[PDB]
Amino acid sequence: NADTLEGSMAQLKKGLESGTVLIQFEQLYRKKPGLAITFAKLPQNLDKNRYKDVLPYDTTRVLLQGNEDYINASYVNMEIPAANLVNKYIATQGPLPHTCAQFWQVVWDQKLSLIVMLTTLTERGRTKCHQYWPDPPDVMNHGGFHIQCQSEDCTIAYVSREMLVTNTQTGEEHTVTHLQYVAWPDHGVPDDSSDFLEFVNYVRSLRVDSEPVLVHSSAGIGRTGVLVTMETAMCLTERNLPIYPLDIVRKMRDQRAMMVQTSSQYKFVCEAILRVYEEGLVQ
């Protein structure tokens, strides 16, 4: 629309070399002015936030059934209008010991079939996420759900697990694929860009149309934003549609604040976009 895909990529490359592109990223607002954040700060919800200042907007937050409706999680939907396509996500923080029940409730309510976890449980002494699933063959109970891990297979950059969730009240069962990317430091970039691109292609292969993919990290913003940005760009490149990563980031941030944390994360994702564009031309 504004340019060809070819043209947008020339602009991106030029902008990375110069490098105006990183400047513009830093000028972008982190939170959208004018979206209320109030439920996240209610006294009863404060201990449900892993990070005090990483909070969902009222309008896009995920609602739970009942008295305590709050979870730190956001609907993030990425539109490719020129293609009649919307990639749905739920972006959320790493569950705390006492929010595991709410996490699984969200998976259950929406019968989500894919969880993408972009963090290790700990990093140099520092807790990043609670282990909300059991080591096989142990079983785990969270808020009336029985969780078991049916399989656990490792690769160099990520672990793949099949999980069986049983509603203990009704006996109803739900299977979820759980992918944990372990080779990606908080506030940093993937250790290996090729392993990252293989992982993103794998996530795309598991996506079901009109069903959200649950993506989380520790805060649910930095690494989560990079993944969403990459999947979006991959859809655009295949469709010969122009890619403006600053606009992709802004559109994410209008749904969950602070997505893509660092200029180095942004730089990485832009370089990876150029790489997949170039490979797409070779087919």
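Numbers for residues come from their place in the sequence shown, where the first is 1.
Between the stretches 113-121 and 147-155, it is 147-155 that shows the larger average CA temperature factor. For the pair 81-89 and 209-217, the record assigns the higher mean C-alpha temperature factor to 81-89.
Each of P33, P245, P56, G225 has a CA temperature factor in the record; the biggest one is found at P33. Per the deposited record, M140 carries the highest C-alpha B-factor of all listed residues (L197, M140, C129, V203).
For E231, the recorded CA B-factor ranks within the lowest third of the chain. Only modelled residues enter the ranking. In the PDB entry, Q105 places in the highest third of its chain by CA B-factor.
Compared with the other modelled residues of the chain, the Cα B-factor recorded for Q255 ranks in the lowest third. Sort the chain's modelled residues by C-alpha temperature factor and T60 lands in the middle third, per the entry. In the deposited entry, the Cα temperature factor of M163 sits in the top third of values across the chain's modelled residues.
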